[PDB]
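For reference, the structure is listed below as structure tokens.
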Amino acid sequence: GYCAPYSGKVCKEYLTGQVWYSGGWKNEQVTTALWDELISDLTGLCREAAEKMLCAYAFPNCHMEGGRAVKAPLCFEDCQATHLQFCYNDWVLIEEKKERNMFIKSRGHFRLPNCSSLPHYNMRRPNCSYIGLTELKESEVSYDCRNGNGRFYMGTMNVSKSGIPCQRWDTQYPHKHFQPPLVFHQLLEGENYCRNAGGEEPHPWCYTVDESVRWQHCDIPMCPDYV
Ligand SMILES: *[C@@H]1O[C@H](CO)[C@@H](O[C@@H]2O[C@H](CO)[C@@H](O)[C@H](O)[C@H]2NC(C)=O)[C@H](O)[C@H]1NC(C)=O
Ligand SMILES: CCCCCC/C=C/CCCCCCCC(=O)O
């Protein structure tokens, strides 16, 4: 229709509400070919983010505002998480190939989004096709210990394993940084606390106040009851 359930196959597992209509087959074709060429070449947290982002890009959520059907673009925070953290390495490698006129063969009209041009999430009806990449997994959050690599460690440990004070995430001195982006919920009020918001390190970590130690893991005990 204008707003209707997703009628395709490739994104069946990722799309749960109404999506925008009016074409729809062209986006199914392209997404299917990209699943084979691009998605299947990705791994780990990048792959997880990319699948959700690709489906939300290709089949935007739809909602009614009075009599008008509204297409919801991607969210700034999800895009930031994907571009600057989860998929940064793969994203840079694609962009560098594009500079040499080497393109993903199956991209069709699809293009990597510019995160800065997208709405910031939140509002009973969302302004974007929110996927939640920056959110905490509540059951895995911990405070006095870490579950596994501590991706969702939210404690107040504020020195590295050798005792160096952490630099604040919201400051660019002594170490300048663009990743992890501060849209991750671990970092919104991250103070100078050890964090593993990207989930790629084996331990929570921080940039340190020592000019000669850009970043270092913190030393946090495993949670007694973590398996
Ligand atoms: C991605 O989008 C942002 C947001 O619009 C662009 O930032 C603008 O850049 C232009 C220069 O072309 C400036 O005149 C504007 O002041 C910027 N706007 C904002 C809101 O920051 C950015 O240039 C885009 N990135 C690319 C590579 O095109
Ligand atoms: C590693 C990047 C994974 C994609 C991240 C989410 C982006 C979804 C939009 C679809 C982009 C499809 C590839 C387009 C390639 C290009 O810009 O030339």
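Note on naming: chains are A, B, ... as they come in the structure tokens, residues start from 1 per chain, ligands start from 1 in the order shown.
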Write out as a Markdown table a residue-level contact list of chain A versus ligand 2 with cut-off 10 Å: for each qualifying residue the closest pair of atoms and the distance in Å to one decimal, counting only C-alpha atoms and all ligand atoms, rows sorted by chain and residue number upward.
| residue | atom | partner | partner_atom_place_in_ligand_line | distance |
| --- | --- | --- | --- | --- |
| A:30 | CA | ligand 2 | 12 (C) | 9.0 |
| A:31 | CA | ligand 2 | 12 (C) | 8.2 |
| A:34 | CA | ligand 2 | 12 (C) | 7.1 |
| A:35 | CA | ligand 2 | 12 (C) | 9.6 |
| A:37 | CA | ligand 2 | 13 (C) | 9.7 |
| A:38 | CA | ligand 2 | 3 (C) | 7.4 |
| A:39 | CA | ligand 2 | 3 (C) | 7.3 |
| A:41 | CA | ligand 2 | 1 (C) | 9.3 |
| A:42 | CA | ligand 2 | 1 (C) | 7.3 |
| A:43 | CA | ligand 2 | 1 (C) | 9.9 |
| A:46 | CA | ligand 2 | 1 (C) | 6.9 |
| A:47 | CA | ligand 2 | 3 (C) | 7.7 |
| A:48 | CA | ligand 2 | 3 (C) | 9.8 |
| A:49 | CA | ligand 2 | 5 (C) | 7.3 |
| A:50 | CA | ligand 2 | 5 (C) | 4.7 |
| A:51 | CA | ligand 2 | 6 (C) | 7.5 |
| A:52 | CA | ligand 2 | 6 (C) | 7.8 |
| A:53 | CA | ligand 2 | 6 (C) | 4.7 |
| A:54 | CA | ligand 2 | 8 (C) | 4.2 |
| A:55 | CA | ligand 2 | 8 (C) | 7.7 |
| A:56 | CA | ligand 2 | 8 (C) | 7.9 |
| A:57 | CA | ligand 2 | 9 (C) | 5.6 |
| A:58 | CA | ligand 2 | 10 (C) | 7.4 |
| A:74 | CA | ligand 2 | 8 (C) | 8.9 |
| A:78 | CA | ligand 2 | 6 (C) | 9.2 |
| A:79 | CA | ligand 2 | 6 (C) | 7.2 |
| A:81 | CA | ligand 2 | 5 (C) | 9.9 |
| A:82 | CA | ligand 2 | 5 (C) | 6.3 |
| A:83 | CA | ligand 2 | 5 (C) | 6.8 |
| A:86 | CA | ligand 2 | 1 (C) | 8.5 |
| A:87 | CA | ligand 2 | 1 (C) | 5.0 |
| A:88 | CA | ligand 2 | 1 (C) | 7.0 |
| A:89 | CA | ligand 2 | 1 (C) | 7.6 |
| A:90 | CA | ligand 2 | 1 (C) | 4.6 |
| A:91 | CA | ligand 2 | 1 (C) | 4.3 |
| A:92 | CA | ligand 2 | 1 (C) | 8.0 |
| A:93 | CA | ligand 2 | 1 (C) | 8.3 |
| A:94 | CA | ligand 2 | 15 (C) | 6.9 |
| A:95 | CA | ligand 2 | 17 (O) | 7.2 |
| A:97 | CA | ligand 2 | 18 (O) | 8.8 |
| A:98 | CA | ligand 2 | 18 (O) | 6.3 |
| A:99 | CA | ligand 2 | 18 (O) | 9.8 |
| A:101 | CA | ligand 2 | 18 (O) | 9.3 |
| A:102 | CA | ligand 2 | 18 (O) | 8.6 |
| A:103 | CA | ligand 2 | 18 (O) | 5.5 |
| A:104 | CA | ligand 2 | 15 (C) | 5.8 |
| A:105 | CA | ligand 2 | 15 (C) | 8.8 |
| A:106 | CA | ligand 2 | 13 (C) | 8.2 |
| A:107 | CA | ligand 2 | 14 (C) | 5.2 |
| A:108 | CA | ligand 2 | 14 (C) | 8.1 |
| A:109 | CA | ligand 2 | 14 (C) | 8.0 |
| A:110 | CA | ligand 2 | 12 (C) | 5.1 |
| A:111 | CA | ligand 2 | 17 (O) | 3.5 |
| A:112 | CA | ligand 2 | 17 (O) | 3.9 |
| A:113 | CA | ligand 2 | 9 (C) | 6.0 |
| A:114 | CA | ligand 2 | 7 (C) | 9.5 |
| A:115 | CA | ligand 2 | 7 (C) | 9.9 |
Give me, as a ChimeraX atom specification, all polymer residues having an atom no more than 9 Å from stretch 172-181 of chain A, counting only C-alpha atoms and skipping those fewer than 4 positions away in the same chain. /A:80-81,84-85,167-168,187,196-198,207-211,214-215
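Between ligand 1 and the residues A:206, A:154, A:131, A:118, the shortest atom-to-atom distance, using only C-alpha atoms and all ligand atoms, involves A:118.
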Would you list the contacts of residue A:72 as a PyMOL selection string, taking every protein, DNA or RNA residue within 12 Å and counting only C-alpha atoms, but skipping same-chain residues closer than 5 positions in sequence? chain A and resi 3+17-21+56-65+118-122+125-131
Give the alpha helix (DSSP H) residues of stretch 110-191 of chain A, as assigned by DSSP on the backbone, as a ChimeraX atom specification. /A:185-188
Restricting the calculation to only C-alpha atoms: of A:40, A:212, A:7, A:186, which residue gets closest to residue A:138? A:186
Name all residues at most 9 Å from stretch 145-148 of chain A (count only C-alpha atoms; drop same-chain ones fewer than 4 positions away) and give them as a ChimeraX atom specification. /A:140-141,152-155,202-204,220-227
Taking N, CA and C atoms for each residue, export the selection above as a PDB file, in the first residue's frame.
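Output contents, as saved in out_7.pdb:
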ATOM      1  N   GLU A 140      22.978  -8.265  30.387  1.00  0.00           N
ATOM      2  CA  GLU A 140      24.429  -8.418  30.395  1.00  0.00           C
ATOM      3  C   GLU A 140      25.145  -7.247  31.053  1.00  0.00           C
ATOM      4  N   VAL A 141      24.395  -6.215  31.457  1.00  0.00           N
ATOM      5  CA  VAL A 141      24.995  -5.067  32.130  1.00  0.00           C
ATOM      6  C   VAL A 141      25.557  -5.511  33.469  1.00  0.00           C
ATOM      7  N   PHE A 152      29.135  -4.603  28.047  1.00  0.00           N
ATOM      8  CA  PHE A 152      28.118  -3.843  28.763  1.00  0.00           C
ATOM      9  C   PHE A 152      28.484  -3.574  30.217  1.00  0.00           C
ATOM     10  N   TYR A 153      29.779  -3.520  30.490  1.00  0.00           N
ATOM     11  CA  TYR A 153      30.245  -3.077  31.790  1.00  0.00           C
ATOM     12  C   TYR A 153      29.892  -1.603  31.964  1.00  0.00           C
ATOM     13  N   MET A 154      29.189  -1.291  33.038  1.00  0.00           N
ATOM     14  CA  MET A 154      28.755   0.064  33.308  1.00  0.00           C
ATOM     15  C   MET A 154      29.294   0.584  34.633  1.00  0.00           C
ATOM     16  N   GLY A 155      30.340  -0.043  35.163  1.00  0.00           N
ATOM     17  CA  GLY A 155      30.878   0.317  36.462  1.00  0.00           C
ATOM     18  C   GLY A 155      31.616   1.637  36.450  1.00  0.00           C
ATOM     19  N   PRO A 202      39.037  -7.520  24.405  1.00  0.00           N
ATOM     20  CA  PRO A 202      38.771  -8.542  25.430  1.00  0.00           C
ATOM     21  C   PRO A 202      38.437  -7.973  26.802  1.00  0.00           C
ATOM     22  N   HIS A 203      38.566  -6.668  27.034  1.00  0.00           N
ATOM     23  CA  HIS A 203      38.361  -6.072  28.357  1.00  0.00           C
ATOM     24  C   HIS A 203      37.861  -4.650  28.181  1.00  0.00           C
ATOM     25  N   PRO A 204      37.083  -4.119  29.136  1.00  0.00           N
ATOM     26  CA  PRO A 204      36.888  -2.663  29.168  1.00  0.00           C
ATOM     27  C   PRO A 204      38.235  -1.959  29.201  1.00  0.00           C
ATOM     28  N   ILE A 220      39.340  -5.700  35.529  1.00  0.00           N
ATOM     29  CA  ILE A 220      38.044  -5.825  36.199  1.00  0.00           C
ATOM     30  C   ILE A 220      37.756  -7.310  36.411  1.00  0.00           C
ATOM     31  N   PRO A 221      37.394  -7.754  37.614  1.00  0.00           N
ATOM     32  CA  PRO A 221      37.220  -9.196  37.827  1.00  0.00           C
ATOM     33  C   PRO A 221      36.010  -9.712  37.068  1.00  0.00           C
ATOM     34  N   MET A 222      36.105 -10.964  36.631  1.00  0.00           N
ATOM     35  CA  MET A 222      34.935 -11.628  36.082  1.00  0.00           C
ATOM     36  C   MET A 222      33.829 -11.701  37.122  1.00  0.00           C
ATOM     37  N   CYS A 223      32.595 -11.499  36.670  1.00  0.00           N
ATOM     38  CA  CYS A 223      31.455 -11.675  37.556  1.00  0.00           C
ATOM     39  C   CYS A 223      31.438 -13.116  38.072  1.00  0.00           C
ATOM     40  N   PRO A 224      31.284 -13.330  39.385  1.00  0.00           N
ATOM     41  CA  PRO A 224      31.204 -14.665  39.939  1.00  0.00           C
ATOM     42  C   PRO A 224      30.330 -15.595  39.096  1.00  0.00           C
ATOM     43  N   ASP A 225      29.183 -15.131  38.600  1.00  0.00           N
ATOM     44  CA  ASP A 225      28.120 -16.053  38.117  1.00  0.00           C
ATOM     45  C   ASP A 225      28.028 -16.044  36.583  1.00  0.00           C
ATOM     46  N   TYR A 226      28.883 -15.270  35.915  1.00  0.00           N
ATOM     47  CA  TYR A 226      29.057 -15.312  34.469  1.00  0.00           C
ATOM     48  C   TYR A 226      29.525 -16.688  34.018  1.00  0.00           C
ATOM     49  N   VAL A 227      28.904 -17.194  32.954  1.00  0.00           N
ATOM     50  CA  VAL A 227      29.259 -18.492  32.384  1.00  0.00           C
ATOM     51  C   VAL A 227      30.093 -18.296  31.118  1.00  0.00           C
TER      52      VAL A 227
END
Top pick for closest residue to ligand 1, considering A:22, A:12, A:116, A:76 and counting only C-alpha atoms and all ligand atoms: A:116
Best match for closeness to ligand 1 among A:201, A:117, A:219, A:26, counting only C-alpha atoms and all ligand atoms: A:117
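Between atom CA of residue A:184 and atom 16 (O, counted along the ligand's line) of ligand 1 there is a distance of 24.6 Å.
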DSSP strand (DSSP E or B) selection over stretch 60-204 of chain A, as a PyMOL selection string: chain A and resi 61-65+68-72+142+146+153+159+165-166+195
In Å, how far is it from atom CA of residue A:11 to atom CA of residue A:25? 12.4 Å
Neighbours of residue A:163 within 9 Å (only C-alpha atoms; same-chain residues fewer than 4 positions away dropped), as a ChimeraX atom specification? /A:158-159,218
